[PDB]
Number of protein chains: 6
Amino acid sequence: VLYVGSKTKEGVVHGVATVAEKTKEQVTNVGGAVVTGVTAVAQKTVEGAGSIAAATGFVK
Amino acid sequence: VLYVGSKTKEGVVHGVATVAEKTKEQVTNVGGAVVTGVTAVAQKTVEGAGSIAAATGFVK
Amino acid sequence: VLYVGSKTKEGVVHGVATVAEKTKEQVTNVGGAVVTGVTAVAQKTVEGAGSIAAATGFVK
Amino acid sequence: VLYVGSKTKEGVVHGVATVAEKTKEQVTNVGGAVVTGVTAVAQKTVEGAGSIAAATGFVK
Amino acid sequence: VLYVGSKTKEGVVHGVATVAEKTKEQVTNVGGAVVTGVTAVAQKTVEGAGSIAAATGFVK
Amino acid sequence: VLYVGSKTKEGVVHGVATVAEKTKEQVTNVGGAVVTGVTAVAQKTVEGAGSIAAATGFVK
């Protein structure tokens with residue numbers, strides 16, 4: 001903060017990987033959210049913050 | 001904080017990985033959220049914070 | 001905090017990994033959240049904190 | 001052989017995997033063979049066979 | 001052989017994988033073979049066969 | 001051979017993969033062969049066969 005002579009690595013997302021050979025997925029969403037994969041979030045702030053990921057409301 | 005001469009690695013997400021050979025997933029969501037995969041969150045703040053991941057509201 | 005000359009590693013999520021060969025999952029959610037996979041959260045703050053992951057409300 | 005209506009899987013080498021985080025190996029061979037890792041052999045014939053893996057002779 | 005109505009998978013090498021994060025290997029071979037890694041062999045014949053891997057002679 | 005109505009996968013090498021993050025290897029070979037990596041061999045014949053991989057002679 002006041003001083004940094006470092007090699008800082010702050011708030012990052014690193015090395016995320018996936019592999020697939022023969023995938024047969026038949027997602028049939030009818031409401032709300034549906035996530036089948038990779039979702040990386042990396043954010044820094046100074047006041048207030050969100051980062052709401054893969055969420056869903058149904059208010060009615 | 002006041003001084004850092006470090007090799008800091010703070011708040012990170014590292015090394016996440018997955019593999020698949022023959023997967024047959026038939027998700028059939030009808031409401032709310034559904035997550036079948038990888039979700040990485042790496043955030044920082046100074047006052048307040050969220051990071052709500054893979055959540056769901058259903059008020060009614 | 002006031003001084004650091006170390007190799008600090010804070011709030012990290014490291015080394016997560018998964019494998020699959022022949023999986024047949026037929027998730028049939030009808031309400032709320034359903035998580036079948038990998039979820040990584042790594043957050044820090046100075047006042048207030050969230051990190052609510054894989055949750056679900058049903059108020060009515 | 002004479003008939004096959006199957007899902008034959010012969011001579012296969014499958015699923016081999018390895019991981020490493022912090023390894024300090026200082027192999028200092030002076031003679032013969034030295035293997036530190038992964039070696040996969042998958043062979044078939046009709047008359048005669050080899051597959052001599054990770055061997056070493058010293059005749060003198 | 002005479003008939004095949006199959007899904008044959010013969011003599012193959014599949015799925016080999018490796019990972020590394022911080023490796024410090026100081027191989028200092030002075031003679032013969034030295035293998036530190038991945039070697040895949042997948043062959044077939046009808047008469048005679050070799051596949052000699054990671055071998056070494058020292059005749060003298 | 002005489003008949004094939006199949007989906008044959010013969011003699012192949014598949015899915016070979018590797019990863020590295022911070023590797024400090026100082027191989028210092030002085031004689032013979034040295035292999036640090038990936039070596040895939042896939043060959044088919046009808047009479048005679050080699051496939052000698054990562055070998056080394058020292059006759060003297």
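Cut-offs applied
- Residues numbered from 1 in each chain as written, not as in the entry; some residues may be left out.
- Chains lettered and ligands numbered in written order.
- Heavy atoms only, no water.
- Buried < 20%, exposed > 50% of the residue type's maximum accessible area, 1.4 Å probe, protein only.
- Helix = DSSP H or I, 4+ residues; strand = E, 2+ residues; numbered from the N terminus.
- Pairing = 2+ DSSP bridges.
- Contact = heavy atoms within 4.5 Å.
- Buried area = accessible area lost by both parts, 1.4 Å probe.
- Salt bridge = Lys/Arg side-chain N within 4 Å of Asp/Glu carboxyl O.
- Polar contact = N/O pair within 3.5 Å; in protein donor to acceptor, adjacent residues only side chain to side chain.
- Nonpolar A, V, L, I, M, F, W, Y, C, P; charged D, E, K, R; others polar.

Per the deposited record, cryo-EM is how this structure was determined, to a resolution of 3.2 Å.

(A) Just the pairing of strand β5 (residues 38-44) of chain B, in detail. Burial analysis of β5(B) places seven of its seven residues in the buried class, which makes it a mostly covered element. Where burial is concerned, the two faces of β5(B) agree: the one with B:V38, B:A40, B:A42 and B:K44 and the one with B:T39, B:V41 and B:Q43 are both buried. Pairing between strand β5 (residues 38-44) of chain A and β5(B): seven bridges, direction parallel. Bridge pairing in β5(B) links A:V38 to B:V38.

(B) Region of interest: the sheet that holds strand β3 (residues 22-23) of chain F. Judged by pairing direction, the sheet is parallel, and its three strands sit side by side in the order β3(D)-β3(E)-β3(F) without closing on themselves. With partners counted over all chains shown, the strands left at the sheet margins are β3 (22-23) of chain D together with β3 of chain F, one partner each.

(C) Up close: the arrangement of the chains. In this view chain A stays clear of chain D, with the nearest C-alpha atoms of the two still 13 Å from each other. When C-alpha atoms are compared, chain C and chain F, though not in contact, are closest at a spacing of 13 Å.

(D) Quick peek at the interface of chain E and chain D. Counting residues at the interface gives 60 residues for chain E and 60 residues for chain D. Between chain E and chain D, roughly 4500 Å² of surface is buried when both sides are summed, and carbon and sulfur atoms account for 52% of that area. Joining chain E to chain D, the criterion identifies zero salt bridges. Linking chain E to chain D there are 47 residue pairs in polar contact. Mapped by element, the contributors of at least two residues to the side of chain E that touches chain D are β1 (9-10), β2 (13-14), β3 (22-23), β4 (34-35) and β5 (38-44) of chain E. It is β5(E) that provides the largest number of residues to the side of chain E that touches chain D, a total of seven residues. When its residues are assigned to classes, the side of chain E that touches chain D shows 27 nonpolar, 23 polar and ten charged. Inspection of the sheet shows strand β1 (residues 9-10) of chain D paired to β1(E) by two bridges, in the parallel sense. Looking across to β1(E), one finds that D:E10 is bridged to E:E10.

(E) Quick peek at the environment of F:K22. The residue F:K22 is located in strand β3 in this model. Of the residues examined, F:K22 reaches a relative accessible area of 43% and is grouped as partly exposed.

(F) Structural detail: the side chain of E:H14. Position of E:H14 relative to the elements: it lies in strand β2. One polar contact links E:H14 to B:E21, side chain to side chain, over a distance of 2.8 Å. The contact partners of E:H14, leaving out residues within four places of it in the chain, are A:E21, B:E21, D:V13, D:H14, D:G15, D:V16 and F:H14.

(G) Quick peek at the sheet that holds strand β2 (residues 13-14) of chain B. With parallel pairing, three strands are arranged side by side in an open sheet as β2(A)-β2(B)-β2(C). With partners counted over all chains shown, the strands left at the sheet margins are β2 (13-14) of chain A together with β2 (13-14) of chain C, one partner each. Two elements, β2(B) and β2(C), share two bridges in a ladder whose sense is parallel. Of the residues in β2(C), the one forming a bridge with B:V13 is C:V13.

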